[PDB]
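Peer 1: The following file, coords_12.csv, comprises CSV, N, CA, C and O atoms:
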chain,number,residue,atom,x,y,z
A,1,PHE,N,103.6,69.6,36.6
A,1,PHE,CA,103.7,71.0,37.0
A,1,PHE,C,102.5,71.9,36.6
A,1,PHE,O,101.8,71.5,35.7
A,2,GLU,N,102.4,73.0,37.2
A,2,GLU,CA,101.3,74.0,36.9
A,2,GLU,C,101.9,75.4,37.0
A,2,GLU,O,102.5,75.7,38.0
A,3,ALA,N,101.7,76.2,36.0
A,3,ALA,CA,102.3,77.5,35.9
A,3,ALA,C,101.5,78.6,36.6
A,3,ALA,O,100.3,78.4,36.9
A,4,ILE,N,102.2,79.6,37.0
A,4,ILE,CA,101.5,80.8,37.6
A,4,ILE,C,101.5,81.9,36.6
A,4,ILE,O,102.5,82.6,36.4
A,5,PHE,N,100.4,82.1,35.9
A,5,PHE,CA,100.3,82.9,34.7
A,5,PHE,C,100.4,84.4,35.1
A,5,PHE,O,99.9,84.9,36.1
A,6,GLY,N,101.0,85.2,34.2
A,6,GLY,CA,100.9,86.6,34.1
A,6,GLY,C,100.2,87.1,32.9
A,6,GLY,O,99.4,86.3,32.3
A,7,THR,N,100.4,88.3,32.5
A,7,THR,CA,99.8,88.9,31.3
A,7,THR,C,100.6,90.0,30.7
A,7,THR,O,101.0,90.9,31.4
A,8,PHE,N,100.9,89.8,29.4
A,8,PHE,CA,101.6,90.9,28.7
A,8,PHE,C,100.6,92.0,28.2
A,8,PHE,O,99.4,91.7,28.1
A,9,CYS,N,101.1,93.2,28.0
A,9,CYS,CA,100.3,94.3,27.4
A,9,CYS,C,101.2,94.9,26.3
A,9,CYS,O,102.4,95.2,26.6
A,10,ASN,N,100.6,95.1,25.1
A,10,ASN,CA,101.5,95.5,24.0
A,10,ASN,C,101.0,96.7,23.2
A,10,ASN,O,101.8,97.4,22.6
A,11,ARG,N,99.7,97.0,23.3
A,11,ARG,CA,99.2,98.2,22.5
A,11,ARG,C,99.8,99.5,23.0
A,11,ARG,O,100.0,99.7,24.2
A,12,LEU,N,100.2,100.3,22.0
A,12,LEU,CA,100.8,101.6,22.3
A,12,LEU,C,100.3,102.6,21.2
A,12,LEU,O,99.8,102.3,20.2
A,13,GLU,N,100.3,103.9,21.6
A,13,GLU,CA,99.9,105.0,20.7
A,13,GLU,C,101.1,105.3,19.8
A,13,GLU,O,101.9,106.1,20.1
A,14,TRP,N,101.1,104.6,18.6
A,14,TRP,CA,102.2,104.9,17.7
A,14,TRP,C,102.1,106.3,17.1
A,14,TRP,O,101.0,106.8,16.8
A,15,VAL,N,103.2,106.9,16.9
A,15,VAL,CA,103.3,108.3,16.4
A,15,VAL,C,104.4,108.4,15.4
A,15,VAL,O,105.5,107.7,15.5
A,16,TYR,N,104.3,109.2,14.4
A,16,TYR,CA,105.2,109.4,13.3
A,16,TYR,C,105.5,110.9,13.1
A,16,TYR,O,104.6,111.7,13.3
A,17,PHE,N,106.8,111.2,12.8
A,17,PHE,CA,107.2,112.6,12.6
A,17,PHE,C,106.5,113.2,11.4
A,17,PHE,O,106.0,114.3,11.5
A,18,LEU,N,106.5,112.5,10.3
A,18,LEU,CA,105.9,113.0,9.1
A,18,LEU,C,104.3,113.1,9.2
A,18,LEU,O,103.7,114.0,8.6
A,19,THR,N,103.7,112.2,10.0
A,19,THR,CA,102.3,112.3,10.2
A,19,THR,C,101.9,113.5,11.0
A,19,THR,O,100.9,114.1,10.9
A,20,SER,N,102.8,114.0,11.9
A,20,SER,CA,102.6,115.1,12.8
A,20,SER,C,102.7,116.4,12.0
A,20,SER,O,103.3,116.5,10.9
A,21,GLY,N,101.9,117.4,12.4
A,21,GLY,CA,102.0,118.8,11.8
A,21,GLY,C,103.2,119.5,12.3
A,21,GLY,O,103.5,120.6,11.7
A,22,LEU,N,104.0,119.1,13.3
A,22,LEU,CA,105.2,119.7,13.7
A,22,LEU,C,106.2,119.6,12.6
A,22,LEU,O,107.1,120.4,12.5
A,23,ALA,N,106.1,118.6,11.7
A,23,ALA,CA,107.0,118.5,10.5
A,23,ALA,C,106.9,119.6,9.5
A,23,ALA,O,107.8,119.8,8.8
A,24,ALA,N,105.8,120.4,9.6
A,24,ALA,CA,105.6,121.5,8.6
A,24,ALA,C,106.6,122.6,8.9
A,24,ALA,O,107.1,123.2,7.9
A,25,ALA,N,107.1,122.7,10.1
A,25,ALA,CA,108.2,123.6,10.4
A,25,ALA,C,109.5,123.1,9.9
A,25,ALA,O,110.4,124.0,9.5
A,26,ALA,N,109.7,121.8,9.8
A,26,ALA,CA,110.9,121.2,9.4
A,26,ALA,C,111.0,120.8,8.0
A,26,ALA,O,110.0,120.6,7.3
A,27,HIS,N,112.2,120.7,7.5
A,27,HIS,CA,112.5,120.2,6.1
A,27,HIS,C,113.4,118.9,6.4
A,27,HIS,O,114.6,119.0,6.4
A,28,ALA,N,112.7,117.8,6.6
A,28,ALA,CA,113.4,116.6,7.0
A,28,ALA,C,114.4,116.1,5.9
A,28,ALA,O,114.0,116.1,4.7
A,29,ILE,N,115.5,115.6,6.3
A,29,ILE,CA,116.5,115.1,5.4
A,29,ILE,C,117.2,113.9,6.0
A,29,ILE,O,117.7,114.0,7.1
A,30,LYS,N,117.2,112.8,5.3
A,30,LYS,CA,117.9,111.6,5.8
A,30,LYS,C,119.3,111.5,5.2
A,30,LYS,O,119.4,111.0,4.0
A,31,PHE,N,120.3,112.0,5.9
A,31,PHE,CA,121.7,111.9,5.4
A,31,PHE,C,122.4,110.9,6.2
A,31,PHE,O,122.8,111.1,7.4
A,32,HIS,N,122.7,109.8,5.6
A,32,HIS,CA,123.2,108.6,6.3
A,32,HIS,C,124.6,108.8,6.9
A,32,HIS,O,124.9,108.1,7.9
A,33,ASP,N,125.4,109.7,6.3
A,33,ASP,CA,126.8,109.9,6.8
A,33,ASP,C,126.9,111.0,7.8
A,33,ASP,O,128.0,111.6,7.9
A,34,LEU,N,125.8,111.3,8.5
A,34,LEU,CA,125.8,112.5,9.3
A,34,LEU,C,126.8,112.5,10.5
A,34,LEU,O,127.3,113.5,10.9
A,35,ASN,N,127.1,111.3,11.0
A,35,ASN,CA,128.1,111.3,12.1
A,35,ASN,C,129.4,111.8,11.7
A,35,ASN,O,130.2,112.3,12.5
A,36,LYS,N,129.8,111.6,10.4
A,36,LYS,CA,131.1,112.0,9.9
A,36,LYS,C,131.3,113.5,9.9
A,36,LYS,O,132.4,114.0,10.1
A,37,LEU,N,130.2,114.3,9.7
A,37,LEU,CA,130.3,115.7,9.6
A,37,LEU,C,130.6,116.4,10.9
A,37,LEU,O,130.2,116.0,12.0
A,38,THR,N,131.3,117.5,10.8
A,38,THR,CA,131.7,118.3,12.0
A,38,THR,C,130.7,119.5,12.1
A,38,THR,O,130.0,119.6,13.1
A,39,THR,N,130.7,120.4,11.2
A,39,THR,CA,129.9,121.6,11.2
A,39,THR,C,129.6,122.1,9.8
A,39,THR,O,130.5,122.4,9.1
A,40,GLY,N,128.3,122.1,9.5
A,40,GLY,CA,127.9,122.7,8.2
A,40,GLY,C,127.8,124.2,8.3
A,40,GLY,O,127.8,124.8,9.3
A,41,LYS,N,127.6,124.8,7.1
A,41,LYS,CA,127.6,126.3,7.0
A,41,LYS,C,126.9,126.7,5.7
A,41,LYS,O,126.8,125.9,4.8
A,42,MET,N,126.3,127.9,5.7
A,42,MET,CA,125.6,128.5,4.6
A,42,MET,C,125.9,130.0,4.5
A,42,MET,O,125.4,130.8,5.3
A,43,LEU,N,126.7,130.3,3.5
A,43,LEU,CA,127.0,131.7,3.3
A,43,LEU,C,125.8,132.4,2.6
A,43,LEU,O,125.2,131.8,1.7
A,44,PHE,N,125.6,133.6,2.9
A,44,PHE,CA,124.5,134.4,2.3
A,44,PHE,C,125.1,135.7,1.7
A,44,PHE,O,125.8,136.5,2.5
A,45,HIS,N,124.9,136.0,0.5
A,45,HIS,CA,125.4,137.2,-0.2
A,45,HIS,C,124.3,138.2,-0.4
A,45,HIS,O,123.2,137.9,-1.0
A,46,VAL,N,124.5,139.4,0.0
A,46,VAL,CA,123.5,140.5,0.0
A,46,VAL,C,124.1,141.8,-0.4
A,46,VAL,O,124.8,142.5,0.5
A,47,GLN,N,123.9,142.3,-1.6
A,47,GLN,CA,124.1,143.7,-1.9
A,47,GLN,C,123.0,144.5,-1.3
A,47,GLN,O,121.9,144.1,-1.2
A,48,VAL,N,123.4,145.8,-1.0
A,48,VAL,CA,122.4,146.7,-0.4
A,48,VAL,C,121.6,147.3,-1.5
A,48,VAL,O,122.1,147.7,-2.5
A,49,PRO,N,120.3,147.4,-1.3
A,49,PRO,CA,119.5,148.2,-2.2
A,49,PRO,C,119.8,149.7,-2.0
A,49,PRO,O,120.2,150.2,-1.0
B,1,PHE,N,104.1,83.2,32.2
B,1,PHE,CA,104.0,82.6,33.5
B,1,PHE,C,105.4,82.8,34.2
B,1,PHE,O,106.4,82.4,33.7
B,2,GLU,N,105.4,83.3,35.4
B,2,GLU,CA,106.6,83.6,36.1
B,2,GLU,C,107.3,82.4,36.6
B,2,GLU,O,108.6,82.4,36.7
B,3,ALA,N,106.6,81.3,37.0
B,3,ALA,CA,107.2,80.1,37.6
B,3,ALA,C,106.2,79.0,37.5
B,3,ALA,O,105.0,79.1,37.1
B,4,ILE,N,106.8,77.8,37.8
B,4,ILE,CA,106.0,76.5,37.8
B,4,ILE,C,106.3,75.8,39.0
B,4,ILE,O,107.4,75.9,39.6
B,5,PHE,N,105.4,74.9,39.4
B,5,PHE,CA,105.6,74.0,40.6
B,5,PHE,C,104.8,72.8,40.4
B,5,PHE,O,103.7,72.8,39.9
B,6,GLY,N,105.3,71.6,40.9
B,6,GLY,CA,104.6,70.4,40.8
B,6,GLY,C,103.6,70.2,41.9
B,6,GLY,O,103.6,70.8,43.0
B,7,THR,N,102.7,69.2,41.7
B,7,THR,CA,101.6,68.8,42.6
B,7,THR,C,101.3,67.4,42.4
B,7,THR,O,101.5,66.8,41.3
B,8,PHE,N,100.7,66.7,43.4
B,8,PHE,CA,100.4,65.3,43.4
B,8,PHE,C,99.5,65.0,44.5
B,8,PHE,O,99.5,65.6,45.6
B,9,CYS,N,98.7,63.9,44.3
B,9,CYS,CA,97.9,63.3,45.4
B,9,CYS,C,97.6,61.9,45.0
B,9,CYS,O,96.9,61.6,44.0
B,10,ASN,N,98.1,61.0,45.8
B,10,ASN,CA,98.0,59.5,45.5
B,10,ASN,C,96.6,59.0,45.9
B,10,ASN,O,95.9,59.4,46.8
B,11,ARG,N,96.2,57.9,45.1
B,11,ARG,CA,95.1,57.0,45.6
B,11,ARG,C,95.6,56.2,46.7
B,11,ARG,O,96.7,55.7,46.8
B,12,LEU,N,94.6,55.8,47.6
B,12,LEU,CA,94.9,55.0,48.7
B,12,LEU,C,95.3,53.6,48.2
B,12,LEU,O,94.7,53.1,47.3
B,13,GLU,N,96.2,52.9,48.9
B,13,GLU,CA,96.6,51.6,48.5
B,13,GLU,C,95.5,50.6,48.7
B,13,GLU,O,94.8,50.6,49.8
B,14,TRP,N,95.2,49.7,47.7
B,14,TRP,CA,94.1,48.8,47.8
B,14,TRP,C,94.3,47.7,48.8
B,14,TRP,O,95.5,47.2,49.0
B,15,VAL,N,93.3,47.3,49.5
B,15,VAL,CA,93.2,46.1,50.4
B,15,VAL,C,91.9,45.5,50.2
B,15,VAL,O,90.9,46.2,50.1
B,16,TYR,N,91.8,44.1,50.2
B,16,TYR,CA,90.6,43.4,50.1
B,16,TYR,C,90.4,42.4,51.2
B,16,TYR,O,91.4,41.9,51.7
B,17,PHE,N,89.2,42.3,51.7
B,17,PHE,CA,89.0,41.4,52.9
B,17,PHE,C,89.3,39.9,52.5
B,17,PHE,O,89.7,39.2,53.4
B,18,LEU,N,89.0,39.6,51.3
B,18,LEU,CA,89.3,38.2,50.8
B,18,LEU,C,90.8,38.0,50.4
B,18,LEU,O,91.3,36.9,50.6
B,19,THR,N,91.4,39.0,49.8
B,19,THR,CA,92.8,38.9,49.4
B,19,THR,C,93.7,38.7,50.6
B,19,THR,O,94.8,38.0,50.5
B,20,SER,N,93.3,39.2,51.8
B,20,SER,CA,94.1,39.1,53.0
B,20,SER,C,94.3,37.6,53.4
B,20,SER,O,93.4,36.8,53.2
B,21,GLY,N,95.4,37.3,54.0
B,21,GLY,CA,95.6,36.0,54.5
B,21,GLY,C,94.9,35.7,55.7
B,21,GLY,O,94.8,34.5,56.1
B,22,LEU,N,94.4,36.7,56.4
B,22,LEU,CA,93.5,36.5,57.5
B,22,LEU,C,92.2,35.9,57.1
B,22,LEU,O,91.5,35.3,57.9
B,23,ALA,N,91.8,36.1,55.8
B,23,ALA,CA,90.5,35.6,55.3
B,23,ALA,C,90.4,34.1,55.3
B,23,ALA,O,89.3,33.6,55.3
B,24,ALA,N,91.6,33.4,55.4
B,24,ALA,CA,91.5,31.9,55.5
B,24,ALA,C,90.8,31.5,56.8
B,24,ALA,O,90.1,30.5,56.8
B,25,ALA,N,91.0,32.3,57.8
B,25,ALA,CA,90.2,32.0,59.0
B,25,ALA,C,88.7,32.3,58.8
B,25,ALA,O,87.8,31.7,59.4
B,26,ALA,N,88.4,33.3,57.9
B,26,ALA,CA,87.0,33.7,57.6
B,26,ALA,C,86.3,32.6,56.7
B,26,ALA,O,87.0,31.9,55.9
B,27,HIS,N,85.0,32.6,56.8
B,27,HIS,CA,84.2,31.8,55.8
B,27,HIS,C,83.0,32.8,55.4
B,27,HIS,O,81.9,32.5,55.7
B,28,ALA,N,83.3,33.9,54.7
B,28,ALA,CA,82.4,34.9,54.5
B,28,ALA,C,81.3,34.4,53.5
B,28,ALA,O,81.5,33.7,52.6
B,29,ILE,N,80.0,34.9,53.7
B,29,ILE,CA,78.9,34.5,52.9
B,29,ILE,C,78.1,35.8,52.6
B,29,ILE,O,77.6,36.4,53.6
B,30,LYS,N,78.1,36.2,51.4
B,30,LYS,CA,77.3,37.4,51.0
B,30,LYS,C,75.8,37.1,51.1
B,30,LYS,O,75.4,36.0,50.9
B,31,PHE,N,75.1,38.2,51.5
B,31,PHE,CA,73.7,38.0,51.8
B,31,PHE,C,73.0,39.4,51.7
B,31,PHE,O,73.6,40.4,51.8
B,32,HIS,N,71.7,39.3,51.4
B,32,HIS,CA,71.0,40.5,51.0
B,32,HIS,C,70.8,41.5,52.1
B,32,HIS,O,71.1,42.7,52.0
B,33,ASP,N,70.2,41.0,53.2
B,33,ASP,CA,70.0,41.9,54.4
B,33,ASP,C,69.6,41.1,55.6
B,33,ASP,O,68.7,40.2,55.6
B,34,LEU,N,70.3,41.4,56.7
B,34,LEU,CA,70.1,40.7,58.0
B,34,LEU,C,68.8,41.2,58.7
B,34,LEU,O,68.8,41.9,59.6
B,35,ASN,N,67.7,40.7,58.1
B,35,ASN,CA,66.4,41.1,58.6
B,35,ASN,C,65.6,39.8,58.9
B,35,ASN,O,65.1,39.7,60.1
B,36,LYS,N,65.3,38.9,58.0
B,36,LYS,CA,64.6,37.7,58.3
B,36,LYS,C,65.4,36.8,59.2
B,36,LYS,O,64.7,35.9,59.9
B,37,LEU,N,66.7,36.9,59.3
B,37,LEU,CA,67.5,36.1,60.2
B,37,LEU,C,67.5,36.6,61.6
B,37,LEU,O,68.4,37.2,62.1
B,38,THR,N,66.3,36.4,62.2
B,38,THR,CA,66.1,36.9,63.6
B,38,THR,C,66.7,36.0,64.6
B,38,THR,O,67.3,36.5,65.6
B,39,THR,N,66.7,34.7,64.4
B,39,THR,CA,67.2,33.8,65.4
B,39,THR,C,68.7,33.9,65.5
B,39,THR,O,69.4,34.0,64.5
B,40,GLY,N,69.2,34.0,66.7
B,40,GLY,CA,70.7,34.0,67.0
B,40,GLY,C,71.3,32.6,67.0
B,40,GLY,O,72.5,32.5,66.9
B,41,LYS,N,70.5,31.6,67.1
B,41,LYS,CA,70.9,30.2,67.2
B,41,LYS,C,71.3,29.7,65.8
B,41,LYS,O,70.7,30.1,64.8
B,42,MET,N,72.2,28.7,65.7
B,42,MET,CA,72.6,28.1,64.5
B,42,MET,C,72.9,26.6,64.7
B,42,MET,O,73.9,26.4,65.5
B,43,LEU,N,72.1,25.7,64.2
B,43,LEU,CA,72.3,24.3,64.4
B,43,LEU,C,73.5,23.7,63.6
B,43,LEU,O,73.9,24.3,62.5
B,44,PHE,N,74.1,22.7,64.1
B,44,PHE,CA,75.2,21.9,63.5
B,44,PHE,C,75.0,20.4,63.7
B,44,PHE,O,74.4,20.0,64.7
B,45,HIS,N,75.6,19.6,62.8
B,45,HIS,CA,75.5,18.2,62.9
B,45,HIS,C,76.9,17.6,63.0
B,45,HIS,O,77.6,17.5,61.9
B,46,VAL,N,77.3,17.2,64.1
B,46,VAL,CA,78.7,16.7,64.4
B,46,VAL,C,78.7,15.2,64.3
B,46,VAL,O,78.0,14.5,65.2
B,47,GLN,N,79.4,14.6,63.4
B,47,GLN,CA,79.7,13.2,63.4
B,47,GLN,C,80.8,12.9,64.3
B,47,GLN,O,81.7,13.7,64.6
B,48,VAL,N,80.8,11.7,64.9
B,48,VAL,CA,81.8,11.2,65.9
B,48,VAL,C,82.6,10.0,65.3
B,48,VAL,O,82.0,9.0,65.0
B,49,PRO,N,83.9,10.1,65.1
B,49,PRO,CA,84.7,9.0,64.8
B,49,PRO,C,84.6,7.9,65.8
B,49,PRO,O,84.5,8.1,67.0
As structure tokens, please, write out the structure in this file.

Peer 2:
Amino acid sequence: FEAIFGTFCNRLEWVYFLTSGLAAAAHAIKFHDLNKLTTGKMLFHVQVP
Amino acid sequence: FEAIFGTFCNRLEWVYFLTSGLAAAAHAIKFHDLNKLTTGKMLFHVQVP
């Protein structure tokens, strides 16, 4: 037998979130149990000057 | 390689002029070149019982 060859291509432009400057806007947090949560909240207390 | 396929090409079957059973009728004589043998005649000596 004799094969009919093709050709793979593999190189890609790898990109990372922390390497990007878009991460400067974000405060990344890896919370493994995230699917369990429904809705977070953050109360803010402010007396008037 | 997407696929494979076979190929083949046989050698021709051997035959020899002497191996043949027709060669028993023959009395072949190897010779360098039919050049000096100009005469077409050939003598023979027949004994008689």

Peer 1: May I have the residues of chain B within 8 Å of chain A, counting only C-alpha atoms, written as a ChimeraX atom specification?

Peer 2: /B:1-7

Peer 1: Output chain A as a compact mmCIF listing (two decimals) with N, CA, C and O atoms, keeping the file's coordinate frame, after least-squares fitting it to chain B on all in-order C-alpha pairs.

Peer 2:
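See out.txt below for the written result:
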# COMPACT_ATOMS: atom_id res chain seq x y z
N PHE A 1 97.71 86.46 35.15
CA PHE A 1 97.96 85.75 36.40
C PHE A 1 99.02 84.61 36.32
O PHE A 1 99.25 84.16 35.23
N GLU A 2 99.49 84.21 37.42
CA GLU A 2 100.51 83.09 37.51
C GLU A 2 100.19 82.27 38.75
O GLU A 2 100.08 82.84 39.81
N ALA A 3 100.09 80.99 38.60
CA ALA A 3 99.68 80.10 39.66
C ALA A 3 100.83 79.64 40.55
O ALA A 3 102.01 79.77 40.16
N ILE A 4 100.48 79.33 41.75
CA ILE A 4 101.52 78.75 42.69
C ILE A 4 101.27 77.28 42.82
O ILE A 4 100.38 76.83 43.55
N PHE A 5 102.03 76.47 42.11
CA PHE A 5 101.76 75.07 41.87
C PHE A 5 102.02 74.28 43.19
O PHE A 5 102.94 74.51 43.98
N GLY A 6 101.23 73.21 43.40
CA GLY A 6 101.47 72.13 44.26
C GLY A 6 101.71 70.83 43.59
O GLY A 6 102.09 70.85 42.37
N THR A 7 101.53 69.74 44.24
CA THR A 7 101.69 68.39 43.68
C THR A 7 100.87 67.35 44.36
O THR A 7 100.90 67.25 45.56
N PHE A 8 100.07 66.67 43.52
CA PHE A 8 99.30 65.54 44.09
C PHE A 8 100.16 64.23 44.17
O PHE A 8 101.18 64.16 43.45
N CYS A 9 99.79 63.33 45.05
CA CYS A 9 100.43 61.99 45.13
C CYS A 9 99.27 60.99 45.19
O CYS A 9 98.33 61.20 46.03
N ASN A 10 99.37 59.93 44.36
CA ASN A 10 98.17 59.06 44.28
C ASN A 10 98.48 57.57 44.41
O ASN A 10 97.61 56.82 44.81
N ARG A 11 99.74 57.19 44.20
CA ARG A 11 100.04 55.70 44.34
C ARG A 11 99.87 55.22 45.77
O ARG A 11 100.18 55.92 46.73
N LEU A 12 99.22 54.04 45.84
CA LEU A 12 98.97 53.43 47.14
C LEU A 12 99.13 51.88 46.95
O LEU A 12 99.15 51.33 45.94
N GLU A 13 99.46 51.22 48.10
CA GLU A 13 99.62 49.75 48.14
C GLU A 13 98.21 49.15 48.23
O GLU A 13 97.71 48.93 49.26
N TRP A 14 97.65 48.84 47.00
CA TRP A 14 96.34 48.22 47.05
C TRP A 14 96.38 46.80 47.60
O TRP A 14 97.33 46.04 47.34
N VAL A 15 95.38 46.44 48.29
CA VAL A 15 95.28 45.12 48.98
C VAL A 15 93.90 44.58 48.83
O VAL A 15 92.85 45.35 48.81
N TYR A 16 93.71 43.31 48.71
CA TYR A 16 92.49 42.59 48.49
C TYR A 16 92.34 41.44 49.51
O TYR A 16 93.34 40.84 49.85
N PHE A 17 91.08 41.26 50.01
CA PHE A 17 90.82 40.20 50.99
C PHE A 17 91.07 38.84 50.40
O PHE A 17 91.72 38.03 51.03
N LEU A 18 90.55 38.59 49.23
CA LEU A 18 90.69 37.32 48.60
C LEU A 18 92.20 37.02 48.14
O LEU A 18 92.64 35.86 48.16
N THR A 19 92.94 38.09 47.80
CA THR A 19 94.31 37.89 47.47
C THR A 19 95.15 37.50 48.65
O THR A 19 96.10 36.82 48.63
N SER A 20 94.75 37.92 49.89
CA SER A 20 95.43 37.70 51.13
C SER A 20 95.20 36.25 51.56
O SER A 20 94.23 35.55 51.17
N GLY A 21 96.22 35.66 52.20
CA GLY A 21 96.08 34.28 52.83
C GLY A 21 95.28 34.33 54.06
O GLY A 21 94.92 33.20 54.56
N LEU A 22 94.89 35.44 54.71
CA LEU A 22 94.03 35.50 55.82
C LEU A 22 92.68 35.02 55.43
O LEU A 22 91.92 34.54 56.25
N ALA A 23 92.28 35.11 54.14
CA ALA A 23 90.98 34.53 53.66
C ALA A 23 90.83 33.05 53.75
O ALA A 23 89.76 32.61 53.78
N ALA A 24 91.97 32.35 53.95
CA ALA A 24 91.91 30.85 54.01
C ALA A 24 91.27 30.45 55.32
O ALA A 24 90.50 29.44 55.29
N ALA A 25 91.30 31.28 56.33
CA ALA A 25 90.53 31.04 57.54
C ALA A 25 89.09 31.30 57.37
O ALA A 25 88.23 30.56 58.07
N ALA A 26 88.69 32.20 56.48
CA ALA A 26 87.36 32.58 56.27
C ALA A 26 86.67 31.94 55.15
O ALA A 26 87.28 31.43 54.21
N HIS A 27 85.37 31.90 55.22
CA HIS A 27 84.48 31.36 54.11
C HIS A 27 83.60 32.66 53.73
O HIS A 27 82.52 32.81 54.25
N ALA A 28 84.17 33.45 52.85
CA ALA A 28 83.53 34.71 52.53
C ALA A 28 82.12 34.51 51.87
O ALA A 28 82.01 33.62 50.97
N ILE A 29 81.21 35.34 52.18
CA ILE A 29 79.88 35.27 51.65
C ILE A 29 79.31 36.66 51.46
O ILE A 29 79.30 37.43 52.40
N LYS A 30 78.89 36.98 50.26
CA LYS A 30 78.29 38.30 50.01
C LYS A 30 76.77 38.23 50.09
O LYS A 30 76.14 37.79 49.03
N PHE A 31 76.20 38.53 51.24
CA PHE A 31 74.71 38.52 51.37
C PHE A 31 74.25 39.90 51.45
O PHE A 31 74.39 40.64 52.48
N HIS A 32 73.60 40.34 50.43
CA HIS A 32 73.25 41.76 50.23
C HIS A 32 72.24 42.28 51.26
O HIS A 32 72.27 43.51 51.51
N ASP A 33 71.40 41.38 51.80
CA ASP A 33 70.35 41.83 52.76
C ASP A 33 70.80 41.74 54.18
O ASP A 33 69.91 41.58 55.06
N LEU A 34 72.11 41.79 54.42
CA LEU A 34 72.58 41.48 55.74
C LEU A 34 72.14 42.47 56.86
O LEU A 34 71.98 42.12 57.99
N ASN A 35 71.90 43.72 56.46
CA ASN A 35 71.42 44.65 57.52
C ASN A 35 70.15 44.26 58.10
O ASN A 35 69.80 44.59 59.24
N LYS A 36 69.25 43.60 57.29
CA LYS A 36 67.93 43.22 57.74
C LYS A 36 67.95 42.18 58.84
O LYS A 36 67.09 42.16 59.72
N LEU A 37 68.98 41.27 58.86
CA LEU A 37 69.03 40.22 59.79
C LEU A 37 69.36 40.66 61.20
O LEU A 37 70.10 41.61 61.46
N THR A 38 68.84 39.93 62.15
CA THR A 38 69.05 40.24 63.60
C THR A 38 70.16 39.27 64.12
O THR A 38 71.20 39.74 64.55
N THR A 39 69.93 38.02 64.17
CA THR A 39 70.82 37.01 64.70
C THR A 39 70.61 35.66 64.05
O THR A 39 69.56 35.14 64.16
N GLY A 40 71.68 35.21 63.39
CA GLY A 40 71.61 33.83 62.84
C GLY A 40 71.95 32.81 63.89
O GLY A 40 72.42 33.06 64.93
N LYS A 41 71.74 31.54 63.48
CA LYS A 41 71.90 30.40 64.45
C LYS A 41 72.08 29.11 63.65
O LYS A 41 71.72 29.05 62.50
N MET A 42 72.79 28.14 64.25
CA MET A 42 73.08 26.84 63.72
C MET A 42 72.97 25.75 64.79
O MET A 42 73.84 25.63 65.66
N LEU A 43 71.89 25.01 64.67
CA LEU A 43 71.73 23.93 65.62
C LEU A 43 72.64 22.74 65.22
O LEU A 43 72.75 22.45 64.02
N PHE A 44 73.10 22.05 66.15
CA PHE A 44 73.97 20.87 65.92
C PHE A 44 73.37 19.64 66.66
O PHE A 44 73.15 19.74 67.97
N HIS A 45 73.12 18.58 66.04
CA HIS A 45 72.55 17.35 66.61
C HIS A 45 73.61 16.29 66.77
O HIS A 45 74.34 15.90 65.78
N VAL A 46 73.75 15.74 67.92
CA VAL A 46 74.81 14.77 68.30
C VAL A 46 74.28 13.68 69.17
O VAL A 46 74.09 13.92 70.47
N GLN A 47 74.06 12.48 68.68
CA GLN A 47 73.95 11.31 69.53
C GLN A 47 75.29 10.94 70.05
O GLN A 47 76.28 11.10 69.43
N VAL A 48 75.22 10.29 71.28
CA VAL A 48 76.48 9.87 71.90
C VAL A 48 76.86 8.55 71.33
O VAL A 48 76.07 7.68 71.16
N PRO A 49 78.14 8.38 71.04
CA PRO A 49 78.62 7.05 70.73
C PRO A 49 78.63 6.17 72.00
O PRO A 49 78.72 6.56 73.11

Peer 1: Just the helix (DSSP H, G or I) stuff from chain B, please, per backbone DSSP, written as an MDAnalysis selection string.

Peer 2: chainID B and resid 21:24

Peer 1: Dump N, CA, C and O atoms for the selected residues as a PDB file, keeping the file's coordinate frame?

Peer 2:
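Listed below is the output, again22.pdb:
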ATOM      1  N   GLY B  21      95.400  37.300  54.000  1.00  0.00           N
ATOM      2  CA  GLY B  21      95.600  36.000  54.500  1.00  0.00           C
ATOM      3  C   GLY B  21      94.900  35.700  55.700  1.00  0.00           C
ATOM      4  O   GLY B  21      94.800  34.500  56.100  1.00  0.00           O
ATOM      5  N   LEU B  22      94.400  36.700  56.400  1.00  0.00           N
ATOM      6  CA  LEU B  22      93.500  36.500  57.500  1.00  0.00           C
ATOM      7  C   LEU B  22      92.200  35.900  57.100  1.00  0.00           C
ATOM      8  O   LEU B  22      91.500  35.300  57.900  1.00  0.00           O
ATOM      9  N   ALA B  23      91.800  36.100  55.800  1.00  0.00           N
ATOM     10  CA  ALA B  23      90.500  35.600  55.300  1.00  0.00           C
ATOM     11  C   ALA B  23      90.400  34.100  55.300  1.00  0.00           C
ATOM     12  O   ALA B  23      89.300  33.600  55.300  1.00  0.00           O
ATOM     13  N   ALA B  24      91.600  33.400  55.400  1.00  0.00           N
ATOM     14  CA  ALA B  24      91.500  31.900  55.500  1.00  0.00           C
ATOM     15  C   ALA B  24      90.800  31.500  56.800  1.00  0.00           C
ATOM     16  O   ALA B  24      90.100  30.500  56.800  1.00  0.00           O
TER      17      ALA B  24
END

Peer 1: Figure out the distance between atom N of residue A:40 and atom N of residue A:26, please, to one decimal in Å.

Peer 2: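 Spanning atom N of residue A:26 to atom N of residue A:40 is a straight-line distance of 18.6 Å.
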
Peer 1: What is the atom CA of residue A:30 to atom CA of residue A:17 distance in Å?

Peer 2: 12.7 Å

Peer 1: Just give me the gap between atom CA of residue B:34 and atom CA of residue B:15 in Å, one decimal is fine.

Peer 2: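 These atoms are spaced 24.9 Å apart.
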